[PDB]
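Participant: So that we are looking at the same thing, I have put the structure below in structure tokens.
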Amino acid sequence: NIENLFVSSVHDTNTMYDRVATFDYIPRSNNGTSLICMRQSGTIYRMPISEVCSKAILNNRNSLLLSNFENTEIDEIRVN
Amino acid sequence: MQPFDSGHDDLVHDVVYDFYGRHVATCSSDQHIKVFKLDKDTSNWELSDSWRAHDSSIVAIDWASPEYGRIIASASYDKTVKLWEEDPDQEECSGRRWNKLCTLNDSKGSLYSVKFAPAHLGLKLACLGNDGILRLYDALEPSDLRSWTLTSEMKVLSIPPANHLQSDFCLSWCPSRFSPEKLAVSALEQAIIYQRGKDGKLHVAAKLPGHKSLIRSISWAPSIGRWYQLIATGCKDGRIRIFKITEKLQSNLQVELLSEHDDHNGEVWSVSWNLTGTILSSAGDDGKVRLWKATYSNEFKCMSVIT
Amino acid sequence: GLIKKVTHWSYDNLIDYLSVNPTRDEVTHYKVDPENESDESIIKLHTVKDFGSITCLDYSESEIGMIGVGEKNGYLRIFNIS
């Protein structure tokens with residue numbers, strides 16, 4: 001029942017504007033992520049999280065397969 | 001660029017093609033393995049089997065060569081390596097299609113990467129986790145594919161990494177049928193090429209220099225017949241390092257850097273080669289996948305950028 | 001904090017305003033309607049942020065929108081809003 005935690009991966013995202021005091025998550029559709037943030041001056045804006053590709057494998061048929069760090073779906077670039 | 005949804009309930013950690021290219025297996029963080037096939041009629045990916053495999057998040061799977069049958073490895077954080085063989089007489093999408101074979105518990109650490117050997121060394125296997133110890137598993141008995149015996153055990157790091165500090169491990173085998181057995185092993189900021197000596201035990205043969213930060217992907221370029229071999233390195237920096245390894249301890253071998261591109265402005269997560277070692281697909285932190293080819297010179301130049 | 005009232009910019013009866021936050025970080029442009037007392041008359045139109053630490057501000061009456069913005073480092077960032 002007890003799970004000994006350990007850090008697997010660290011993902012760095014730069015905000016749109018600097019000097020941010022606090023932030024908060026936004027639950028998006030299709031397991032997306034956006035960050036609503038409040039600056040040191042109290043201005044509130046919205047910083048989206050980029051869809052960073054996790055794995056880009058090639059193929060014998062020259063087909064590219066793309067997997068993302070955020071959502072579930074897998075992108076495929078066929079050769080036709 | 002048509003997308004298909006894998007149907008996982010969590011993150012997708014590793015996707016690998018099979019030998020023929022018509023099958024993909026997608027491991028995930030919801031302790032499931034889903035195997036997809038390519039229908040020749042509908043021309044769309046469809047699920048073949050989905051089953052709960054491990055007790056933690058699965059981070060690496062790898063297909064075995066089809067001369068050994070349909071065997072899928074699976075390394076996860078619960079310190080287990082589970083090997084799955086497909087039953088031909090079983091229903092589609094049932095969960096009992098892939099039969100469990102072995103659970104290698106010799107590793108006292110959460111694993112990161114599993115890689116099958118090429119089709120000239122045997123039915124070997126490699127594993128690396130947060131323990132600093134490399135483990136090789138050979139299936140020496142062709143009659144039954146369940147007596148997976150540990151044969152080599154080399155320590156890579158002096159101590160296991162800390163609980164909180166992040167670290168990555170990746171493996172890449174050398175698919176040359178006419179060269180001594182080599183293994184490209186990445187551990188944190190170190191990338192080492194092992195080699196099978198005359199005594200049957202691996203030794204440190206050559207170390208790739210550089211690598212100021214964490215190594216996220218090592219891919220050995222397929223030995224198409226050239227006199228030089230290539231290793232692609234995706235570091236936590238922007239650097240996609242390509243190393244030209246020339247071989248001439250049976251044989252001495254030299255490591256020379258061929259190219260070093262900062263064309264991503266972030267962490268390079270996955271770098272992978274083609275069938276012939278001509279197209280290099282690098283995915284980085286900018287959200288764009290950059291393809292690389294060599295034109296009129298040995299130095300690799302950039303090409304089409306997919307975002 | 002600096003609220004500077006600017007005229008000769010609106011063809012209507014509204015009066016343009018230029019505001020600097022008390023932390024001296026942003027410049028905000030307004031159009032205030034005098035005939036309604038409620039706070040909905042203060043219309044926040046535009047905001048340009050991350051101007052270091054603003055130490056002064058001015059406006060050009062000849063052409064609409066030319067709002068000079070100074071800083072502590074020394075940069076006299078002169079730009080346009082309207």
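Following the order of the structure tokens, chains are lettered A, B, ..., residues in each are numbered from 1, and ligands are numbered from 1.
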Run DSSP on the backbone of this structure and report the residues of range 214-295 of chain B it assigns to strand (DSSP E), as a PyMOL selection string.
Facilitator: chain B and resi 215-220+229-235+240-247+253-261+268-272+280-284+289-294
Participant: Contacts from chain A to chain C, 12 Å maximum, only C-alpha atoms: show me the residue list as number ranges by chain.
Facilitator: A: 16-20, 39-45
Participant: Got time to write the residues from that selection, C-alpha atoms, as a PDB file, in the first residue's frame?
Facilitator:
ATOM      1  CA  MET A  16       5.344  34.238 -21.129  1.00  0.00           C
ATOM      2  CA  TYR A  17       6.211  37.133 -18.791  1.00  0.00           C
ATOM      3  CA  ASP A  18       8.752  37.177 -15.974  1.00  0.00           C
ATOM      4  CA  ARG A  19       8.287  38.156 -12.296  1.00  0.00           C
ATOM      5  CA  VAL A  20       5.548  35.672 -11.379  1.00  0.00           C
ATOM      6  CA  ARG A  39       2.409  38.265 -11.402  1.00  0.00           C
ATOM      7  CA  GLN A  40       4.097  40.202  -8.615  1.00  0.00           C
ATOM      8  CA  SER A  41       2.033  43.233  -9.678  1.00  0.00           C
ATOM      9  CA  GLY A  42      -1.217  41.263  -9.472  1.00  0.00           C
ATOM     10  CA  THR A  43      -1.756  40.977 -13.228  1.00  0.00           C
ATOM     11  CA  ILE A  44      -3.300  37.608 -14.110  1.00  0.00           C
ATOM     12  CA  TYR A  45      -2.532  35.965 -17.457  1.00  0.00           C
TER      13      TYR A  45
END
Participant: Given only C-alpha atoms, how would the per-residue table for chain B near chain A read, listing every residue at most 8 Å away with its closest atom pair and distance in Å to one decimal, sorted by chain and number, as JSON lines?
Facilitator:
{"residue": "B:1", "atom": "CA", "partner": "A:77", "partner_atom": "CA", "distance": 4.7}
{"residue": "B:2", "atom": "CA", "partner": "A:76", "partner_atom": "CA", "distance": 5.8}
{"residue": "B:3", "atom": "CA", "partner": "A:75", "partner_atom": "CA", "distance": 4.4}
{"residue": "B:4", "atom": "CA", "partner": "A:74", "partner_atom": "CA", "distance": 5.5}
{"residue": "B:5", "atom": "CA", "partner": "A:73", "partner_atom": "CA", "distance": 3.9}
{"residue": "B:6", "atom": "CA", "partner": "A:73", "partner_atom": "CA", "distance": 5.6}
{"residue": "B:7", "atom": "CA", "partner": "A:72", "partner_atom": "CA", "distance": 6.8}
{"residue": "B:8", "atom": "CA", "partner": "A:72", "partner_atom": "CA", "distance": 6.2}
{"residue": "B:9", "atom": "CA", "partner": "A:72", "partner_atom": "CA", "distance": 7.6}
{"residue": "B:10", "atom": "CA", "partner": "A:72", "partner_atom": "CA", "distance": 7.0}
{"residue": "B:11", "atom": "CA", "partner": "A:72", "partner_atom": "CA", "distance": 6.2}
{"residue": "B:12", "atom": "CA", "partner": "A:72", "partner_atom": "CA", "distance": 6.4}
{"residue": "B:13", "atom": "CA", "partner": "A:54", "partner_atom": "CA", "distance": 7.6}
{"residue": "B:14", "atom": "CA", "partner": "A:55", "partner_atom": "CA", "distance": 7.0}
{"residue": "B:15", "atom": "CA", "partner": "A:55", "partner_atom": "CA", "distance": 7.2}
{"residue": "B:16", "atom": "CA", "partner": "A:57", "partner_atom": "CA", "distance": 7.2}
{"residue": "B:17", "atom": "CA", "partner": "A:59", "partner_atom": "CA", "distance": 7.1}
{"residue": "B:20", "atom": "CA", "partner": "A:60", "partner_atom": "CA", "distance": 7.5}
{"residue": "B:21", "atom": "CA", "partner": "A:59", "partner_atom": "CA", "distance": 6.1}
{"residue": "B:163", "atom": "CA", "partner": "A:6", "partner_atom": "CA", "distance": 5.4}
{"residue": "B:164", "atom": "CA", "partner": "A:7", "partner_atom": "CA", "distance": 5.5}
{"residue": "B:165", "atom": "CA", "partner": "A:7", "partner_atom": "CA", "distance": 6.6}
{"residue": "B:166", "atom": "CA", "partner": "A:7", "partner_atom": "CA", "distance": 5.5}
{"residue": "B:167", "atom": "CA", "partner": "A:8", "partner_atom": "CA", "distance": 6.9}
{"residue": "B:168", "atom": "CA", "partner": "A:8", "partner_atom": "CA", "distance": 7.8}
{"residue": "B:269", "atom": "CA", "partner": "A:54", "partner_atom": "CA", "distance": 6.0}
{"residue": "B:270", "atom": "CA", "partner": "A:55", "partner_atom": "CA", "distance": 5.1}
{"residue": "B:271", "atom": "CA", "partner": "A:56", "partner_atom": "CA", "distance": 7.0}
{"residue": "B:272", "atom": "CA", "partner": "A:57", "partner_atom": "CA", "distance": 5.8}
{"residue": "B:273", "atom": "CA", "partner": "A:58", "partner_atom": "CA", "distance": 6.4}
{"residue": "B:274", "atom": "CA", "partner": "A:58", "partner_atom": "CA", "distance": 5.4}
{"residue": "B:275", "atom": "CA", "partner": "A:60", "partner_atom": "CA", "distance": 5.1}
{"residue": "B:281", "atom": "CA", "partner": "A:56", "partner_atom": "CA", "distance": 6.3}
{"residue": "B:282", "atom": "CA", "partner": "A:56", "partner_atom": "CA", "distance": 6.8}
{"residue": "B:283", "atom": "CA", "partner": "A:53", "partner_atom": "CA", "distance": 5.9}
{"residue": "B:284", "atom": "CA", "partner": "A:53", "partner_atom": "CA", "distance": 6.8}
{"residue": "B:285", "atom": "CA", "partner": "A:52", "partner_atom": "CA", "distance": 5.7}
{"residue": "B:286", "atom": "CA", "partner": "A:52", "partner_atom": "CA", "distance": 6.8}
{"residue": "B:287", "atom": "CA", "partner": "A:52", "partner_atom": "CA", "distance": 4.5}
{"residue": "B:288", "atom": "CA", "partner": "A:53", "partner_atom": "CA", "distance": 7.4}
{"residue": "B:289", "atom": "CA", "partner": "A:56", "partner_atom": "CA", "distance": 7.5}
Participant: If you keep N, CA and C atoms, can you produce a file of those selected residues as a compact mmCIF listing (two decimals), in the first residue's frame?
Facilitator:
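What follows is the written file out_16.txt:
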# COMPACT_ATOMS: atom_id res chain seq x y z
N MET B 1 -0.36 13.32 -41.78
CA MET B 1 -0.10 13.35 -40.35
C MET B 1 -1.34 12.95 -39.55
N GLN B 2 -1.97 11.85 -39.94
CA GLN B 2 -3.19 11.42 -39.28
C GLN B 2 -2.88 10.85 -37.91
N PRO B 3 -3.54 11.31 -36.85
CA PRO B 3 -3.32 10.75 -35.52
C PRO B 3 -4.30 9.64 -35.18
N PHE B 4 -3.84 8.73 -34.32
CA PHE B 4 -4.69 7.69 -33.76
C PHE B 4 -4.51 7.67 -32.25
N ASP B 5 -5.62 7.50 -31.53
CA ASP B 5 -5.61 7.50 -30.08
C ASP B 5 -5.35 6.10 -29.56
N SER B 6 -4.33 5.97 -28.71
CA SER B 6 -3.95 4.65 -28.21
C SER B 6 -4.92 4.12 -27.16
N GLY B 7 -5.76 4.98 -26.59
CA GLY B 7 -6.75 4.53 -25.63
C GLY B 7 -6.24 4.34 -24.22
N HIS B 8 -5.00 4.74 -23.94
CA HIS B 8 -4.48 4.68 -22.58
C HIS B 8 -5.17 5.70 -21.68
N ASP B 9 -5.20 5.40 -20.39
CA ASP B 9 -5.78 6.28 -19.39
C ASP B 9 -4.75 7.19 -18.73
N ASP B 10 -3.50 7.15 -19.18
CA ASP B 10 -2.43 7.93 -18.58
C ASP B 10 -1.42 8.26 -19.68
N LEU B 11 -0.22 8.67 -19.27
CA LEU B 11 0.84 9.02 -20.19
C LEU B 11 1.33 7.80 -20.96
N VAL B 12 1.83 8.03 -22.17
CA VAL B 12 2.47 6.99 -22.97
C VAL B 12 3.97 7.20 -22.87
N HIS B 13 4.69 6.17 -22.42
CA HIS B 13 6.10 6.30 -22.09
C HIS B 13 7.03 5.83 -23.20
N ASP B 14 6.76 4.68 -23.81
CA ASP B 14 7.60 4.18 -24.89
C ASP B 14 6.73 3.52 -25.95
N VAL B 15 6.99 3.85 -27.21
CA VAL B 15 6.38 3.18 -28.35
C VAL B 15 7.50 2.64 -29.22
N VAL B 16 7.42 1.36 -29.59
CA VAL B 16 8.43 0.72 -30.41
C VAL B 16 7.76 0.03 -31.59
N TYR B 17 8.41 0.09 -32.75
CA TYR B 17 8.03 -0.71 -33.90
C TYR B 17 8.58 -2.12 -33.76
N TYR B 20 9.02 -6.01 -38.72
CA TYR B 20 8.39 -5.83 -40.01
C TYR B 20 7.78 -4.44 -40.19
N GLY B 21 7.61 -3.69 -39.10
CA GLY B 21 7.07 -2.35 -39.20
C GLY B 21 5.56 -2.26 -39.24
N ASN B 163 17.33 9.67 -4.08
CA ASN B 163 15.88 9.48 -4.18
C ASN B 163 15.22 10.61 -4.96
N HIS B 164 15.70 11.84 -4.77
CA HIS B 164 15.07 13.03 -5.32
C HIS B 164 15.66 13.48 -6.65
N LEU B 165 16.96 13.29 -6.86
CA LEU B 165 17.60 13.73 -8.09
C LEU B 165 17.13 12.88 -9.26
N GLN B 166 16.71 13.53 -10.34
CA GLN B 166 16.26 12.82 -11.53
C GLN B 166 17.45 12.27 -12.31
N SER B 167 17.22 11.14 -12.97
CA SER B 167 18.26 10.48 -13.75
C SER B 167 17.60 9.63 -14.83
N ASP B 168 18.33 9.43 -15.92
CA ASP B 168 17.81 8.70 -17.07
C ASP B 168 18.84 7.67 -17.52
N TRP B 269 14.85 14.78 -26.20
CA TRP B 269 14.28 13.66 -25.48
C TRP B 269 14.54 12.34 -26.19
N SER B 270 14.19 12.25 -27.47
CA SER B 270 14.38 11.03 -28.23
C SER B 270 15.13 11.35 -29.51
N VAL B 271 16.14 10.54 -29.81
CA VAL B 271 16.85 10.59 -31.08
C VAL B 271 16.90 9.16 -31.62
N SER B 272 16.64 9.01 -32.91
CA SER B 272 16.45 7.68 -33.47
C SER B 272 16.82 7.68 -34.94
N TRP B 273 17.34 6.55 -35.40
CA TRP B 273 17.83 6.39 -36.76
C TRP B 273 16.79 5.71 -37.64
N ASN B 274 17.11 5.65 -38.92
CA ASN B 274 16.27 5.00 -39.92
C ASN B 274 16.71 3.55 -40.09
N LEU B 275 16.23 2.89 -41.14
CA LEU B 275 16.70 1.54 -41.45
C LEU B 275 18.14 1.56 -41.95
N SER B 281 15.95 11.29 -36.78
CA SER B 281 14.79 11.98 -36.24
C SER B 281 15.08 12.36 -34.79
N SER B 282 15.16 13.66 -34.53
CA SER B 282 15.41 14.18 -33.19
C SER B 282 14.22 15.00 -32.73
N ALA B 283 13.68 14.65 -31.56
CA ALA B 283 12.59 15.39 -30.92
C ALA B 283 13.12 16.12 -29.70
N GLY B 284 12.83 17.42 -29.61
CA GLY B 284 13.38 18.23 -28.54
C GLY B 284 12.32 19.01 -27.79
N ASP B 285 12.76 19.93 -26.92
CA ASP B 285 11.85 20.64 -26.04
C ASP B 285 11.12 21.80 -26.72
N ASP B 286 11.45 22.11 -27.97
CA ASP B 286 10.76 23.18 -28.68
C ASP B 286 9.46 22.72 -29.33
N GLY B 287 9.08 21.46 -29.16
CA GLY B 287 7.85 21.00 -29.77
C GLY B 287 7.98 20.59 -31.22
N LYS B 288 9.19 20.59 -31.76
CA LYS B 288 9.41 20.32 -33.18
C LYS B 288 10.34 19.13 -33.35
N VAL B 289 10.05 18.31 -34.35
CA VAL B 289 10.87 17.15 -34.70
C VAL B 289 11.71 17.51 -35.92
Participant: Do a neighbour search on range 221-228 of chain B at 6 Å with only C-alpha atoms, toss out local chain neighbours closer than 4 positions, and write the hits as a list in words.
Facilitator: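 Final neighbour list, sorted by chain and number: residues 176, 245, 246, 273, 276 and 277 of chain B.
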Participant: Could you dump the residues just selected with N, CA, C and O atoms as a short mmCIF file (atom, residue, chain, number, x, y, z; two decimals), in the first residue's frame?
Facilitator:
data_model
loop_
_atom_site.label_atom_id
_atom_site.label_comp_id
_atom_site.auth_asym_id
_atom_site.auth_seq_id
_atom_site.Cartn_x
_atom_site.Cartn_y
_atom_site.Cartn_z
N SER B 176 25.62 -5.22 -35.89
CA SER B 176 26.60 -5.63 -36.89
C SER B 176 26.91 -7.10 -36.66
O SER B 176 27.39 -7.47 -35.59
N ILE B 245 32.36 6.10 -34.64
CA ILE B 245 33.16 5.05 -34.03
C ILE B 245 33.78 4.20 -35.13
O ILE B 245 33.06 3.59 -35.93
N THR B 246 35.10 4.16 -35.18
CA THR B 246 35.84 3.37 -36.15
C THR B 246 36.60 2.27 -35.42
O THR B 246 37.37 2.55 -34.50
N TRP B 273 17.34 6.55 -35.40
CA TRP B 273 17.83 6.39 -36.76
C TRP B 273 16.79 5.71 -37.64
O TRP B 273 15.75 5.24 -37.18
N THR B 276 18.48 2.54 -42.79
CA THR B 276 19.80 2.59 -43.41
C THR B 276 20.75 3.58 -42.75
O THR B 276 21.89 3.72 -43.20
N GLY B 277 20.31 4.27 -41.69
CA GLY B 277 21.17 5.25 -41.06
C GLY B 277 21.33 6.53 -41.85
O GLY B 277 22.35 7.21 -41.72
#
Participant: What does the distance between CA of residue 250 in chain B and CA of residue 121 in chain B come to in Å, to one decimal place?
Facilitator: 16.3 Å
